[PDB]
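As structure tokens, the structure follows; a few thoughts come after it.
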RNA sequence: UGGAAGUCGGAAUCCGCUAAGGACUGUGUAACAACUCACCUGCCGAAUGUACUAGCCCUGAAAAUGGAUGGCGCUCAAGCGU
RNA sequence: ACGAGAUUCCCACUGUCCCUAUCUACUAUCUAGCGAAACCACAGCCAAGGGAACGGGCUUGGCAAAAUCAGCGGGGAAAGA
RNA sequence: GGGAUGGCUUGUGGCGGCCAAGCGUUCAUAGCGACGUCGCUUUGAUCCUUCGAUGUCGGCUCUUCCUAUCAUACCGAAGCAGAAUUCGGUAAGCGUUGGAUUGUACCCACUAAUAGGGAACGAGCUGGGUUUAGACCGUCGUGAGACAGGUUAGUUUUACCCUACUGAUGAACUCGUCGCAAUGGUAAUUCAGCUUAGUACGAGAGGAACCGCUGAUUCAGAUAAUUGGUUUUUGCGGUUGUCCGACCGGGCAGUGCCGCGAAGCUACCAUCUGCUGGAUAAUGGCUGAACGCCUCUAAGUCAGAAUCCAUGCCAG
Ligand SMILES: Nc1nc2c(ncn2[C@@H]2O[C@H](COP(=O)(O)OP(=O)(O)OP(=O)(O)O)[C@@H](O)[C@H]2O)c(=O)[nH]1
Ligand SMILES: [Mg+2]
Ligand SMILES: [Mg+2]
């Protein structure tokens, strides 16, 4: 197994995580709306429930513009059965849920008014939108944001108010014996250029995404499998190597980057009650 | 092969023709071999051999004493209900070694220039940070109490019951070296701590459960990796 | 046995670690990237290398997806580097090619395309039985 | 701290110093030990390295891969004109070692061996051994008899003085090569009588060595001049644009003592070293009188060992020659010392019998594919100059 | 081979089971090269009539 | 020290047969020869000692990160090794039992 | 692997030298000695029978 | 206890004949058997055994260029005590 | 869109490397002529001891033979250090 | 202007209570205490508890040393049947690799094995700690600016001196030829296959070893018959532009470019070669006292490791 799939489990990253947890009063656990139970860190939830029960855990479901609204509301219901949750679209220009999140942090500040200030630390997987949420709450691009994972490598304080501080954290991946490299890559842990043999994960993308969405997005139809789909896309887009050979690897990398960056619409449906 | 096959081979064929004689000769040379090992082994092997032979000699002479005597208390008389029983309200360790402020705190240098700023002090001894503790923001924390040096329980022993229970710590009452060390909650030798004594079944004269009691640290946690305490009963 | 062919005379090793050679059999693979050579000694900075008849550890870079996740034992049957035999003959093939086998030497495939080397055919009896041309 | 990745030494400490040899002719450091119940025999000889060629050998090596098959092997040709014995040296045993006691020379010495005692033979009066030749005449060789009886009475090691017949070689050198060859076997009186009977007589290579025997070759290697560490010791080249040179050793020292050690590779002389290589099999002792001495019992072409156009930078071999399997230290035109093996051999290869089937006589001045001029003329046909 | 040295020492005689017209031709050295040509190329049973 | 202890404990655990994966004849034959409760308790105590050794080593390495002198480092190392030796000494009976089983 | 300077390897080599290569070297040496013998054969003071004197130091000069 | 006879285990460990012999010190058997030890007697022939104390000597922990009672060298000392 | 801005990857490509080899010119080399500078307490082989964990001079040993040439970077020396 | 702990250390925890050989102690009968022991620190689970860089390490080339031995050699013990081993002993002679990962030390494979350190860490080169001057973001400050920090780009540049080392000459003894060997160095290493033998051993599955034979890994020393490489052989031929009016024969494009190319040099990219006596350590013994048994040791003595010393080998 490649070390690129072992990325996100480093001792430095988890020392950063526990530093943010020890410094923070309110833990904003950021979830991806396309996979909320997939991006949920029950490892950190167990640690917070066992060792530091005084800290308040709040779910923030980001990227709700990539999922249908009814599915997003169902996910909010499922998560609000457990913890106080908010809906969020982390954009500097056009945010959603920013006022509700500000009001929730104001309530927690009213609870901890005896202390001089409170610290709110943001945790979650890579590329869920932690730094983007910080930027949306601040109103200014104060944290570096990029669609590739692992831009935030250290912890950073950003003052939202004179009594509220915001802490950014590097993206963490809890270790699990049931997690696969395909699941990690589809959740967005890894970078697509560094992984080997990219086209093995294309059938997983074709399973998670409806066929008509692929046909509308890439303006191609009639493929019988992922290999023929990548070959047709390569011949259409001109991704040809020396000797007229299609660049299936580069086309698969393009499709994977589109899938994690949300140019291809997909979501996980909520469980039925 | 299956089952006791070497024993069956010894039954059906025996052993080597010199086996008993060589065993007897080796047992006879054992004394010379032991003396040669005692006079010619060197280093850690020699030290371990000498300690092990000392243990064997002690066990052997105890065996001789027992076989020789196979065929054979307080000063003042007290009744059976007063046996095993024992003003100045002194603690078990009334005086310890004082700790200087370099031995307590080291200087954490911060900045980016060649000349750093050294206002941050890190506590080197173990501490009890208290209940519901959240670390101060980094721009305002002076006294760093690291996570790996935080202790929440202590091995507290009852002087009368002669049993040791692992009890939670409630607060640090007095660190004898400095009141600042008490305020920081530093666990050193001779420090009075408050422990939860709910597991010892201590009760008052009417039935109220006593769940807080003073104990004193009797070890060096920074050298031993554990907090050991004696109840002040 | 660690898969080191015994009785092989010294020949020029033309395929080091990192070489991609053709797959001469019908097992579904079409190329083999060499990651190790069986029987390679210890030397500072020296890459392990293999010749015709040498057993190597390879991975498949093009072929059936089932063979792409495992490390296969291979036997090199053709090399492009010229080498000398005991009769003074210097020879080479037009391409570097090998076949996928089990550690005991039996092939995964059922037929071999193109000729095989004399050294490979002599050292591995299944290659001789599954070869059509021996050179 | 310690070296992180273990690696052996570059080069051997057993061949230090890497300096030029003290003299051109190879020195026999050790002779085979003497068994007095053996017959008397000579243990060394000299020749001149002509070059190399190719053979095909019908191999009979049971248990080998090429058993009952044909193998192509490289061989080295040494021209061996007959050697003349002109002296007898006696050695005694002392607590300080072997000591030369007396030396008896022959009555008549050739100008070849006389040239060795002069640096300017052309300006000399050639007076060497002139007064010594008169002691064979005065008092019926009484002094010669006294020295021979002294060797018979007091000595334990007897060596003959033998010189090469260099006029029979294509070399432009007229100055011969002289060496002491130990007589092994017999008693001391037998050795003295053996030398006395061998004075002024030519000794051929076939009476000292015999086919399918492994011998030792003693010589001085090819000189290379002042050579840096990379080719002198096989050290790793430093990366491209390394400051102050990349064909160097980066650290000649990082540790105490405050010195450069004798074990550190340094630039200097490479080649021209005295080397004794052992276990070389004699494949054929060919005769100069034979006009088909490079013809086997399978190849019936009547041809000599000389290639077409001769050996490159040597000439033609017209005397008795030795064919040696493999390569030997030295260059062409160089004096070669062939010595008996010091111990009884422990390999079946020394007990093998060599059966040659073909010897390459093609030109080494190019890509020659004919073995004689007649074959080339038969292949080409008639040319313009033949009609002209 | 076990009476005469063992495996790897005994030298087998490959001309012992040859069937020839005359038995003493068994251990003859068959020529192959003569004046830069191949004898086995010129071997022909009708060579007398051809000459 | 903890790597040596963990390697030997894992060699003990991973080589002994696991009854939950055996054929019912083999499992019940091992139950007839051996009290299966005793077998599982012995191997579980081996695994528990292995994990306790790992936890003790992790805690003492974390303390050695903050130790400030060679004397304190030496005392911490001796403390960790003594706790490991105490854990191994508390396994006197299962080790003899498992060797007889082997 | 057994070393070149190993006692059992030395004993094996000695037995080989005594039993196998020895007769071959003896026969070759006898033939060569015969061939060289072929080429070789093909008052006391005034006669040299009494070996007289030829025509720092070990002791202190005194 | 399937079997357990002193010798797989648990608990007791007595009496008689005694010169003396354990409800047994080990080997051994499936269990027995058999051998052996503790103990006693016969032969012998005069001094021993145990535990400590004080001397000298060995071990009682050592790394990393080649080296140090100052060096040679010293053994009824050229070492140690007077 | 644009960029001598920072980063990752793919194809091609090759002495970057396996693992080095060879050739050319100009040096370096030698000669005729011409001809400085930096630096310099005195000098330059090591080992052990020289309480101020310093030794090239001291002590105790190893030892030790004129005059030189080409390289060399361990030590000394050498960084407008 | 002033500066830049050390005959330390190693394999076995702390606290508290019992027990006890002993040390002390008889006008006081207390107190220490070896060897031990007892309490605190999951039915082979869990994988839903990774807990703070102020202190900096890496890497290339190369040499040597230590043993605290991973492998190879020998030996002792273990249900060690065989095979594979495990524990321990003597031993540093000989080896101990190739890679991936910087969102920042562990994995994978080959192999006999991938042992641990020192000579730095009490002015060689090159990546981080790491930090002159430019610039941006984050925190703090009214501010200049500072930092909990994060990012980018960024000037030290000997050798000809002495010594050491590597090589090369050399006066004096007339010149030269052939030698001896004090001393210094020293070299080989590991694996596989055939036979033994599908044999010993084994219920079966499986499955050795000595003698003998043949190769290969790493290392070392040479060599160029052959095969590749190299081309100022400017050797021959082809070809672009220009010039000598054209052809021929040539110049220039610093070797115009291309093809082949002897010779020379070269490459595990080619080929050849690498050798034997004595004394030992751990152990296994013989005879035999100490000590009327006994004992490999005391006197005497046999064997035995890749160890030690020499020969072979290089210098002289
Ligand atoms: N459509 C959509 N995209 C979003 C939203 N929030 C974030 N993104 C995208 O997700 C990417 C992740 O942004 P980050 O701020 O770096 O999130 P992160 O989890 O902190 O990423 P790391 O730096 O790896 O830790 C960004 O590049 C955005 O383009 C959202 O609300 N809607
Ligand atoms: Mg991101
Ligand atoms: Mg981020």
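Protein chains in written order, with the deposited numbering: chain A, 210 to 482; chain B, 2 to 73, 81 to 94, 115 to 261; chain C, 5 to 139; chain D, 2 to 389; chain E, 408 to 458; chain F, 52 to 153; chain G, 2 to 43, 83 to 95, 104 to 110. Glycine included, C-beta positions come from ideal geometry on N, C-alpha and C.
Q. Looking at chain E, which residues of the region 44-72 of chain D have a Cβ within less than 7 Å of any of its Cβ atoms?
A. 61, 63, 64 and 69
Q: Please go through the same chain and pick out, in chain order, the residues whose beta-carbon is closer than 6 Å to the beta-carbon of residue 410 of chain A, but skip the five residues on each side of it.
A: 391 and 394
(Q) Against residue 25 of chain G, what residues of chain D qualify as contacts under a CB-to-CB distance less than 8 Å, listed in chain order? (A) 352
Q: Only counting runs of 3 or more residues, tell me where the beta strand (DSSP E) segments fall wholly within the region 18-72 of chain D, in order along the chain.
A: 45-59
(Q) I'd like to know if residue 72 of chain C contacts chain A, where contact means its C-beta is closer than 9 Å to some C-beta of that chain. (A) yes
Q.
So that I know if they touch, is there some Cβ in chain C lying closer than 9 Å to that of residue 252 of chain A?
A. no
**Q.** Short CB-CB distance (under 9 Å) between residue 113 of chain F and chain B
**A.** yes
Q.
So, with DSSP's three-state summary, where would you put residue 184 of chain D?
A. strand
Q) With 16 as the cutoff for other CB atoms within 10 Å, does residue 111 of chain B come out buried or exposed? A) This structure gives no coordinates for residue 111 of chain B. The numbering of chain B moves from 94 immediately to 115.
Q | Spatially closest choice to residue 101 of chain C from C/38, C/73, C/114 and C/5, by CA coordinates | A | C/38
Q: Check the Cβ of residue 298 of chain D against every Cβ in chain E and list those closer than 7 Å, keeping chain order.
A: 436
Q: Could you tell me if residue 378 of chain A is buried or exposed, where buried requires 16 or more neighbouring beta carbons within 10 angstroms of its beta carbon?
A: buried
Q. For ligand 3, is there a heavy atom less than 8 Å away from the beta-carbon of residue 219 of chain A?
A. no
Q. How many angstroms separate the CA atom of residue 176 of chain D from the CA atom of residue 118 of chain D?
A. 9 Å
Q.
Would residue 78 of chain C and residue 43 of chain C be called neighbours here (beta carbons separated by less than 9 Å)?
A. no
Q. CB of residue 360 of chain A to nearest heavy atom of ligand 2: below 8 Å?
A. yes
(Q) Check whether the region 430-442 of chain A and the region 406-422 of chain A touch, using three or more Cβ-Cβ pairs below 8 Å as the test. (A) yes
Q | Beta-carbon contacts of residue 150 of chain B that lie in its chain and below 6 Å, excluding the five residues immediately before and after | A | 134, 136 and 172
Q. At what residues does the beta strand (DSSP E) containing residue 199 of chain B begin and finish?
A. 192-202
Q | Proximal residues to residue 201 of chain B (C-beta, below 6 Å), its chain only, five neighbours per side dropped | A | 220 and 222
Q.
For the beta strand (DSSP E) containing residue 215 of chain D, name the first residue and the last one.
A. 215-221
Q: Please report how far the alpha carbon of residue 360 of chain A lies from the alpha carbon of residue 321 of chain A, in whole angstroms.
A: 32 Å
Q: Keeping to the same chain, check which residues put their C-beta closer than 8 Å to that of residue 127 of chain F; ignore five residues upstream and five downstream.
A: 111, 114, 115 and 118
Q) Interface residues of chain D around residue 41 of chain G at Cβ under 7 Å? A) 195, 198 and 199
Q. Would you say residue 93 of chain F touches ligand 1, meaning its beta carbon is less than 8 Å from a heavy atom?
A. no
(Q) My output table needs one value for residue 199 of chain D: the three-state DSSP class, helix, strand or coil. (A) helix
(Q) By DSSP's criteria, residue 163 of chain D is part of a beta bridge. Which residues make up the other side? (A) D/86 and D/180
Q. Shortest alpha-carbon distance to residue 53 of chain C belongs to which of C/109, C/19 and C/25?
A. C/19
Q | Residues that residue 328 of chain A contacts on chain B, provided the C-beta gap is smaller than 7 Å | A | 165
Q | Member of D/291, D/243, D/235 and D/335 whose CA lies at the smallest distance from the CA of residue 173 of chain D | A | D/335
Q.
Closer than 7 Å between beta carbons: that is the criterion. Which residues of the region 88-99 of chain C meet it against chain D?
A. 90, 91 and 92
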